[PDB]
Amino acid sequence: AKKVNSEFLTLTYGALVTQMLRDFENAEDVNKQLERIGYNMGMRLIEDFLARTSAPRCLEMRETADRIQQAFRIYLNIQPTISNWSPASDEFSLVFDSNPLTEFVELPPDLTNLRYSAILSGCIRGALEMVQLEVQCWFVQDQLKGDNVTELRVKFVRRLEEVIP
Amino acid sequence: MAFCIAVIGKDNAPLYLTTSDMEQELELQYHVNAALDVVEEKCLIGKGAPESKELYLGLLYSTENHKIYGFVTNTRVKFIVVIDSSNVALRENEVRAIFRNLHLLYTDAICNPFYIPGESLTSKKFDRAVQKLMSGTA
Amino acid sequence: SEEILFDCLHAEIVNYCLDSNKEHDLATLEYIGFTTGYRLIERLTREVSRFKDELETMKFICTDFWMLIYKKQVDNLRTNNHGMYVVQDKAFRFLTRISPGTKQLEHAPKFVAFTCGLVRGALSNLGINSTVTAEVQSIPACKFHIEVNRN
Amino acid sequence: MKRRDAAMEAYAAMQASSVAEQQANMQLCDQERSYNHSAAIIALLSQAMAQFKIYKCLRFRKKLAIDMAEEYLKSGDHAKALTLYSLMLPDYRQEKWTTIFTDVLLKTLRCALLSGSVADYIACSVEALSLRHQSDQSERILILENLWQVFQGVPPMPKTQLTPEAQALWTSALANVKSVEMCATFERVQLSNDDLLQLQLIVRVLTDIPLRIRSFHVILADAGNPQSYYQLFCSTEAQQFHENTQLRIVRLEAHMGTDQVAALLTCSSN
Numbered sequence: 010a011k012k013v014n015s016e017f018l019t020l021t022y023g024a025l026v027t028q029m030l031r032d033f034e035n036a037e038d039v040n041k042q043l044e045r046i047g048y049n050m051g052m053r054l055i056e057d058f059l060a061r062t063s064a065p066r067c068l069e070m071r072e073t074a075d076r077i078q079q080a081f082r083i084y085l086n087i088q089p090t091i092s093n094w095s096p097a098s099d100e101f102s103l104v105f106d107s108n109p110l111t112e113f114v115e116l117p118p119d120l121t122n123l124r125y126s127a128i129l130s131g132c133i134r135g136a137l138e139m140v141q142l143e144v145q146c147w148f149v150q151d152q153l154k155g156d157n158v159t160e161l162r163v164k165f166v167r168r169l170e171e172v173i174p
Numbered sequence: 001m002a003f004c005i006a007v008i009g010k011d012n013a014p015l016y017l018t019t020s021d022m023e024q025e026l027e028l029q030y031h032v033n034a035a036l037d038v039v040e041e042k043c044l045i046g047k048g049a050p051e052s053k054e055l056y057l058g059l060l061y062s063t064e065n066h067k068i069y070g071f072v073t074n075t076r077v078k079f080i081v082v083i084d085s086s087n088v089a090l091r092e093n094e095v096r097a098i099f100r101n102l103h104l105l106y107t108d109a110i111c112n113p114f115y116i117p118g119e120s121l122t123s124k125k126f127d128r129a130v131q132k133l134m135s136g137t138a
Numbered sequence: 002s003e004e005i006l007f008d009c010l011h012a013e014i015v016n017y018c019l020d021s022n023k024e025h026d027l028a029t030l031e032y033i034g035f036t037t038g039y040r041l042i043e044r045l046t047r048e049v050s051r052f053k054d055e056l057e058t059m060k061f062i063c064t065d066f067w068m069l070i071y072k073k074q075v076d077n078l079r080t081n082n083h084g085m086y087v088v089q090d091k092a093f094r095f096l097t098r099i100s101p102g103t104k105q106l107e108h109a110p111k112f113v114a115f116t117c118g119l120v121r122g123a124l125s126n127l128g129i130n131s132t133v134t135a136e137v138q139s140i141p142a143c144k145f146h147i148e149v150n151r152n
Numbered sequence: 360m361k362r363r364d365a366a367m368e369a370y371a372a373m374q375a376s377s406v407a408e409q410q411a412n413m414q415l416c417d418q419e420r421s422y423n424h425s426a427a428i429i430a431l432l433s434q435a436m437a438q439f440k441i442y443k444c445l446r447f448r449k450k451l452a453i454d455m456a457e458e459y460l461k462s463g464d465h466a467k468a469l470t471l472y473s474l475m476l477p478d479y480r481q482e483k484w485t486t487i488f489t490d491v492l493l494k495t496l497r498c499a500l501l502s503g504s505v506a507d508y509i510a511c512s513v514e515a516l517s518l519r520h521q522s523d524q525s526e527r528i529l530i531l532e533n534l535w536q537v538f539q540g541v542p543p544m545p546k547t548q549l550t551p552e553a554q555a556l557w558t559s560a561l562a563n564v565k566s579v580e581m582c583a584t585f586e587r588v589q590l591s592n593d594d595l596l597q598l599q600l601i602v603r604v605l606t607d608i609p610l611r612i613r614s615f616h617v618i619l620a621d622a623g624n625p626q676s677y678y679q680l681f682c683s684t685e686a687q688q689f690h691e692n693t694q695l696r697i698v699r700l701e702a703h704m705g706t707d708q709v710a711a712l713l714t715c716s717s718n
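Those protein sequences? They're chains C, V, U and Y, same order as listed. The opening position of the first sequence corresponds to residue 10 in the UniProt record's numbering, with each subsequent residue numbered one higher. The opening position of the second sequence corresponds to residue 1 in the UniProt record's numbering, with each subsequent residue numbered one higher. The opening position of the third sequence corresponds to residue 2 in the UniProt record's numbering, with each subsequent residue numbered one higher. Just so you know, the fourth sequence maps onto residues 360 to 377, 406 to 566, 579 to 626, 676 to 718 in the UniProt record's numbering.
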């Protein structure tokens, strides 16, 4: 009893993905819904992550990597391992052996372009812009699409700054 | 040691592959094996074949070279492997473990959101799950 | 603190409701969820022998399922003779975060669907059947009004 | 049954050649030839079926009944076999075990063709049509063309599969014998004071091989007052009657290629 309290979440997510996918025929449309809904979710989650980890704020991508992988530790109980840094330290890679949020959602649904981790991408970006870090997010490798490890990618695009006092 | 796997829905059978440890089940009883089940129900059902317990059925049904061991969940799913060995030195303990494994593999195929419950098991993954079960415990 | 994910996610579902249907929410969440909980319920109080059929009040199984998910106990459990009955609960988790003042009442059907959509059992009152309506008068106080799939 | 089989090869070995005690074996062969009646199988399965019913058992009685029917076929008395099969299809169809259902269906068609019971033949054939995706396509086509043949009187082509006696059987028949899954689509039930309704039902065909497009009829439902997709010009309803009117279709009257389905998958209300 209760190895995982929140295995509930992944099934809810599967419900949402199939509900949209029935609603909107295109993998692209649901991609935008996943991204924006991750955006709002990550906006919700980053403040709690900073209430617990109580980080100063991220002024350096090594710090950003440690912070977000710590959040994965504390939110999805996963241990992504930072790797593949940019020479300019913009890119780094998060090694998910098991995408926690999927437990054989479907290996073939007969649908490429349907990317699952887009919810993570939305969460990471919305979180980051709460802390004034506009970084784009995508997924270099993804088990479901035929890979062996699911690998998120983020590259430091711009340093947002508070303005207009 | 032919394990005619057969999950059953409320009434009908979602997946019932014909596999074992070595290779496919040649013997041509398959559809009439399911007919063995439709006599395991409507007859050997009694008031008992459905229960509200994780169902140990040590030989709810037996016959030559063909021994049925059953299981039922609160969701009324019928889980049945057949001991197709007049006898081999395997004792019911590993059979209980096997119904644990089959429970878990079936319900993790259930973990799919795409697959509507009550339909033929599409998952080649849940396939290989059953396949490893057969290759191991047969 | 794994709940925060689900609180936020259900919150955003409370947000978007497209006008095509009120509840686009199908129940596969409920189906696969009770199957999961019952993977954790690899033991429930029903006798080893198959013939002697004992029914488990899905009221009680609902209590336990809340402890597995909703974590807080169902309180006031009034029941008619037949499959129709109700739960009266003073506190509901998703409505614990809303102001207790009876002003935000609409947000219930997303709540009550989640307790529907759980496969039945042949023997009635066996613990798993589900088809449920809600009438949340007071905010924390959900009122899940049950109707069995049968009479 | 094993004994009858054993008798089969006992014969066979007796044809091999036939110096001490061998004549005794010969009289043995003859005596077991007397035993070739094998109606004892029928009696034993009779008792088995009764006893199985005694403990509320349906399928063992159902499976031993299929054994009875198959031995009737070996008995040649295909009539009783088709009687059994006729009783045994409904329960299989309710049971939904898609493996066994077609497996008994092919035998049931065999009995229908040998018997020449063209009515049961066409009914089981059209139910096979409705979902015949498990079997090979060309076989579905041959079934359909044989069906059209027999609706308009032409004998089926498997002439080598048929025998002159059965030819007589079904040439004799049809004197009394008279009269793919698709959907009924009503645009407007609960009629108001003034309206009209045209061809809105959609005849989906699950079979690959197309149903030949010649004709069709719908009989105006008496509910209240008495009155690859193919969409066409039939469009029966063009008049006015009293309101609060509902409709419900008995059978297709499927005059597309065939004359009528004779099997009730023409759902009234889905």
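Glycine residues also receive a C-beta, built at the ideal position from the N, C-alpha and C atoms.
| task | Could you pull out every residue in the same chain whose Cβ sits closer than 7 Å to the Cβ of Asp-594 (chain Y), ignoring the five residues on either side in sequence? | result | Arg-587, listed in sequence order.
| message | Which residues in chain U have a C-beta closer than 8 Å to the C-beta of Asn-93 (chain V)? List them in chain order. | response | Under the 8 Å cutoff, chain U gives no residues; its nearest Cβ is about 16 Å from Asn-93 (chain V).
| query | Does any C-beta atom of chain C lie closer than 9 Å to the C-beta of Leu-41 (chain U)? | reply | Contact of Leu-41 (chain U) with chain C is assigned, a C-beta pair being separated by under 9 Å.
| query | Using the C-alpha atoms, what's the distance from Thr-75 (chain V) back to residue 152 (chain V)? | reply | One cannot answer for residue 152 (chain V) here, as it falls past the ends of chain V, which runs 1 to 138.
| task | Rank Y:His-616, Y:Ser-425, Y:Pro-625 by C-alpha distance to the C-alpha of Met-367 (chain Y) and give the top, closest one. | result | Of the candidates Y:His-616, Y:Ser-425, Y:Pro-625, the one whose C-alpha sits nearest the C-alpha of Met-367 (chain Y) is Y:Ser-425.
| query | Is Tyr-125 (chain C) buried or exposed, if buried means 16 or more other CB atoms sit within 10 Å of its CB? | reply | Buried, since its Cβ has 16 or more Cβ neighbours within 10 Å.
| message | Does the CB of residue 185 (chain C) have a neighbour CB from chain U at under 9 Å? | response | The question about residue 185 (chain C) has no answer here: the residues shown for chain C are numbered 10 through 174.
| request: Output the distance between the C-alpha atoms of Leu-432 (chain Y) and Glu-458 (chain Y), rounded to the nearest integer angstrom. | output: Rounded to the nearest angstrom, the gap between the Cα atoms of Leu-432 (chain Y) and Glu-458 (chain Y) is 11 Å.
| message | Let's test the definition: count the other Cβ atoms within 10 Å of the Cβ of residue 722 (chain Y) and tell me whether it reaches 16, buried, or not, exposed. | response | No statement about residue 722 (chain Y) is possible, as the shown extent of chain Y runs from 360 to 718 and does not include it.
| field | Per DSSP, the bridge partner or partners of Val-7 (chain V) | value | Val-7 (chain V) pairs with V:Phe-79.
| task | Examine chain V for any beta-carbon lying closer than 9 Å to the beta-carbon of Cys-444 (chain Y), and answer yes or no. | result | Chain V contact via Cβ: present.
| query | Exposed or buried, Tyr-508 (chain Y), counting other C-beta atoms within 10 Å across all chains shown (16 or more means buried)? | reply | Buried: at least 16 other Cβ atoms inside 10 Å.
| field | Residue nearest to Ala-36 (chain C) in terms of C-alpha spacing, selected from C:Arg-61, C:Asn-86, C:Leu-110, C:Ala-127 | value | Restricting attention to C:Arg-61, C:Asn-86, C:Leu-110, C:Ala-127, the CA atom closest to the CA of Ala-36 (chain C) is found in C:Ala-127.
| Proximity to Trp-147 (chain C) [Cα-Cα], best of C:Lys-12, C:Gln-141, C:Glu-16, C:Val-166 | Cα-wise, what sits closest to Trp-147 (chain C) is C:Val-166.
| request: Taking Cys-4 (chain V) as the query, report the chain Y residues whose CB atoms sit under 9 Å from its CB, ordered along the chain. | output: For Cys-4 (chain V), there are no C-beta contacts with chain Y under 9 Å, since the nearest C-beta of that chain is about 12 Å from it.
| Could you give the uninterrupted runs of the alpha helix (DSSP H) lying entirely in the region 441-512 of chain Y, keeping only those of 4 residues or more? | Runs of the alpha helix (DSSP H) lying entirely within the region 441-512 of chain Y, each at least 4 residues long, are 446-462, 465-482, 485-502 in chain order.
| Per DSSP, what kind of secondary structure is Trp-557 (chain Y) in: helix, strand or coil? | In this structure, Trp-557 (chain Y) counts as helix in the three-state DSSP scheme.
| field | Option in Y:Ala-555, Y:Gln-434, Y:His-690 with minimal Cα separation from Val-505 (chain Y) | value | For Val-505 (chain Y), the closest of Y:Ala-555, Y:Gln-434, Y:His-690 by C-alpha to C-alpha distance is Y:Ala-555.
| request: Have a look at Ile-45 (chain V) and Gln-536 (chain Y) and give me their C-alpha separation to the nearest angstrom. | output: A straight line joining the alpha-carbon of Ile-45 (chain V) with that of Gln-536 (chain Y) spans about 46 Å.
| field | Residue range of the alpha helix (DSSP H) that includes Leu-133 (chain V) | value | From DSSP, the alpha helix (DSSP H) with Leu-133 (chain V) extends over 124-137.
| query | Which chain V residues are close to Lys-450 (chain Y), counting only those with a beta carbon under 9 Å from its beta carbon? | reply | The contacting residues are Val-32, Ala-35, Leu-36, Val-38, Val-39.
| request: In the DSSP assignment, find the beta strand (DSSP E) that holds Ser-102 (chain C) and state where it starts and stops. | output: For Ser-102 (chain C), the enclosing beta strand (DSSP E) starts and ends at 101-105.
| request: Using three-state DSSP, classify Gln-626 (chain Y) as helix, strand or coil. | output: Coil at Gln-626 (chain Y), not helix or strand.
| field | Neighbour-count burial assignment, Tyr-677 (chain Y), 16 or more Cβ in a 10 Å radius | value | Counting Cβ neighbours within 10 Å, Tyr-677 (chain Y) comes out exposed, since fewer than 16 surround it.
| query | With distances taken from CA atoms, which of Y:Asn-423, Y:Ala-499, Y:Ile-441, Y:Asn-592 is nearest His-690 (chain Y)? | reply | For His-690 (chain Y), the closest C-alpha among the options Y:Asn-423, Y:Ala-499, Y:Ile-441, Y:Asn-592 is that of Y:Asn-592.
| Using CA coordinates, which residue listed in Y:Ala-710, Y:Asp-490, Y:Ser-716, Y:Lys-546 is at the minimum distance from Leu-28 (chain V)? | Relative to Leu-28 (chain V), the option among Y:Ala-710, Y:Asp-490, Y:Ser-716, Y:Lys-546 whose CA is nearest is Y:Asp-490.
| query | Cα separation between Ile-5 (chain U) and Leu-54 (chain C)? | reply | The alpha-carbon atoms of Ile-5 (chain U) and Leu-54 (chain C) are separated by roughly 8 Å.
| Cα-Cα separation between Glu-526 (chain Y) and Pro-545 (chain Y), rounded to whole angstroms | The alpha-carbon separation between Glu-526 (chain Y) and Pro-545 (chain Y) amounts to approximately 12 Å.
| query | Who are the near neighbours of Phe-585 (chain Y) in its chain, counting only those whose CB is closer than 6 Å to its CB and skipping five residues on each side? | reply | Setting aside the 5 residues that flank it on each side, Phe-585 (chain Y) is surrounded in the same chain by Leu-695, each with a C-beta closer than 6 Å to its C-beta; the list follows chain order.
| task | Give me whichever residues DSSP pairs with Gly-705 (chain Y) in a beta bridge. | result | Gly-705 (chain Y) pairs with nothing; no bridge assigned.
| task | Can you grab the Cα-Cα spacing for the pair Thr-121 (chain C) / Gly-155 (chain C), in whole Å? | result | Rounded to the nearest angstrom, the two C-alpha atoms are 10 Å apart.
| In terms of residue numbering, what span does the alpha helix (DSSP H) encompassing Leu-54 (chain C) cover? | 36-61 is the extent of the alpha helix (DSSP H) around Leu-54 (chain C).
| said: I need the straight-line Cα distance from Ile-62 (chain U) to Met-455 (chain Y), nearest angstrom please. | reply: Whole-angstrom Cα-Cα distance: 48 Å.
| Beta-carbon of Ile-530 (chain Y) versus every beta-carbon of chain V: anything under 9 Å? | Taking a beta-carbon distance threshold of 9 Å, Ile-530 (chain Y) does not count as an interface residue toward chain V.
| task | Give the straight-line distance between the Cα atoms of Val-81 (chain V) and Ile-42 (chain U), rounded to the nearest whole angstrom. | result | Between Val-81 (chain V) and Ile-42 (chain U), the alpha-carbon positions lie close to 21 Å from each other.
| Does DSSP put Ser-52 (chain V) in a helix, a strand or coil? | Correct three-state label for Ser-52 (chain V): coil.
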